[PDB]
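The chain below stands alone and is given as structure tokens, in the form deposited in one PDB entry.
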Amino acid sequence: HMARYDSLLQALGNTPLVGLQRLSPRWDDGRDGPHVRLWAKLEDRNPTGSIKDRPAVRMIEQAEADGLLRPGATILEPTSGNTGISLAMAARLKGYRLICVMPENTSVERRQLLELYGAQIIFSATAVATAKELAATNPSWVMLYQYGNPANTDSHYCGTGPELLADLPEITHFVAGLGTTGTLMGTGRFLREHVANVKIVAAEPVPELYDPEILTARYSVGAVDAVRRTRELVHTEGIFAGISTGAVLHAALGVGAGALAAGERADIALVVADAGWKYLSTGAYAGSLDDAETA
């Protein structure tokens, strides 16, 4: 056997790390100085197509270990995004019910994805407070809470970090998007403990998992530049990524440019957190950057 699993759950993580030879400022070492390489960590190769499969599964497992979750329990989560899809897949497979709590004016598209994965939906007028109230009514109802759960960070410490170090011992920069901050905090803390002078770079446009002393830089990124980079990535490297990867790529190229102009070697790992599919029903990929920007 090489890739035989008894459950979809076991096929989580161990995602490919792929060299971006065209988009890299300098892939080859040569006459004008050392290489500056970009390496995409493809987190859309997870069961539900996003990096949130990692925290989702570890949150549930940690809750089981701590005695919070038991055979017929229900999981409550205030989300309408990748975490809810991830939790819906994982909950169901592990024997739990999942209720997602979201605003009444959440997009039908988001809502319908959750429902197809078997999540029940409760609408709030706020979403977080109402999940916590719902959860408090029943000892068998549990809110995992992605924004404050250390199992989120741990999933990257124990999974994303190690995998990167294993595939890229020469790593000089890790770049990722800042949401719950679990990817940056978990991966960042692991890489700092192992790679001597590694830089941890956030791409964005106090979080409860945040640590003031992990991040070495933070890059803010506008939507036009995010879209621009997302289209560039698919046209030049064949990778069809979501909109947060556009932010991450803009930042990684800025870092790469820095290393190129300073005549230093870089091996920059960048997170591709999901694929472009869920974002099609918008302008991001077809037409004008302005139409996309409005989407």
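Note that the rigid core is defined as the largest set of C-alphas that superpose within 1.5 Å between two forms. In case it trips you up, residue 1 is the first one in the sequence shown, and so on.
Just so you know, the form deposited in another entry exists too; it's not on screen, but the next bit is about it.
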Item to check | Residue among 136, 166, 224, 217 whose Cα moves 2 Å or more between the shown form and the other one, once the rigid core is superposed | outcome: 136
Next on the checklist: At a 2 Å cut-off on C-alpha positions, does residue 151 qualify as shifted between the shown form and the other one after fitting the rigid core?
Outcome noted: no
Checklist entry - Honestly, after the rigid core fit, is residue 199 moving at least 2 Å at Cα between the shown form and the other one? => result no
Checklist entry - Against the rigid core, is the Cα displacement of residue 106 between the shown form and the other one at least 2 Å? => result yes
